[PDB]
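Just the one chain here, laid out as C-alpha cells, in the form deposited in one PDB entry.
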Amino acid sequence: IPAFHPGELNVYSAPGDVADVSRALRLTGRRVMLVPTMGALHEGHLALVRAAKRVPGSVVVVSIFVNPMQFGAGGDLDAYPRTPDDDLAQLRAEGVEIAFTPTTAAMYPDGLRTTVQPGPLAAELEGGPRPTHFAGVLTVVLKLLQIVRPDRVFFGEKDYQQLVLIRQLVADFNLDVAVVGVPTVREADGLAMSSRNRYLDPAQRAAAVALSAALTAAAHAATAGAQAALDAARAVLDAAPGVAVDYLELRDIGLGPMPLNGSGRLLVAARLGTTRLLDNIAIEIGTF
C-alpha cells in the first residue's frame, strides 16, 4: 500500500497503487466514489465531484486518462485538450483526495487485445459514423472500474448515449457498482458545458445557444405532441446562423429498441464550423 494522506490530493499513476489504496480505504469503512474523466476539467466535472463528495464517508477518486482507444481518426487524439496543471488545481480546490493519472503503457501494456463489444446501441447516433468509438469507451470504463472498484461511479447526462451504454455495461457484466447520472451543467445562456466549447469563436459561441434553446423550446412545445416538439426544435436550429444539424432525434429514455411512450429524451448533435456539439433533454409528451 502506497502513502495516502487524508485531506490532501494524493496522485497515483500506477494502477496497482490506486487499487491498493482503494481497497485499503474500503476496508476501513470509507466508500469509494469514482469520477472518470479525460481531463480538461470544467464546472461540469466539478458538479460530478461535488455529487460524489456528498455521499457520507466517501473518498473521491478522479481518474484522468485520455483514452486512445475511443478515438478514430487521425488527429482527434492529438488535438484533444490537455490541461493537466489546471485539472489538479481544480481537484485540490474541491478537496478531492485521489487523482489517478495512469500512463497509456500501464493501461494498454499489450495493446488492444480483449475488448468490450457493446450492444446494438453503439452503432446508432454518435456511433453510426464511428463504429468502434463506444467499444473503446466501455473497454476503458470497465478497466477503471476493475482497478478502482468504486461503490458508485459518476457520469454527466450531457453524453447521454455514453451514459446509457455504461449502464448497459454494468448490468450486462453484473458489475457491483451504482451508476449515478448527473444533470448537465450549463453556461448562463444555457450552453451545455463541454471541453469542446473552447473551439467556438465569438460568432459560433453566439450561435451555439441554439442547441439548448431548441431543446427547451421542444420540451415546452411537447404538451402539443411529438411532432410539435420536434418542429419547434427544428425551427430554432434553422433560425441559427451557421448551425449544421447532424441529427435531431426523439427517443425513449433508454434509447433502446422500444417506441417512445410519455417520457423520452430529445438528442441533438450539430456542427459549428468544425466543432461538433451535443446536447439532450428530458421530454414529457402531453406531459403526459
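Only residues modelled in both forms are compared. By rigid core we mean the largest C-alpha set that fits within 1.5 Å across both forms. From 1 onward, residues are counted along the sequence shown.
Keep in mind that the form deposited in another entry is not shown, yet the notes after this line are about it.
Summarising the superposition on the core between the shown form and the other one, the listed residues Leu260, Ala244, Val66, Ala239 contain exactly one with a Cα shift of 2 Å or larger, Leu260. Comparing the forms between the shown form and the other one, the C-alpha position of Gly111 differs by less than 2 angstroms, with the core used for superposition.
Cα-Cα spacing of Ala122 to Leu260 is enlarged in that other deposited form versus the present form (difference of at least 3 Å). CA of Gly119 to CA of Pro257: farther apart by 3 Å or more in that other deposited form than in the shown form. Listed in sequence order, 73 to 75, 256 to 261 mark where three or more consecutive residues have CA shifts of 2 Å or more between the shown form and the other one on superposition of the core.
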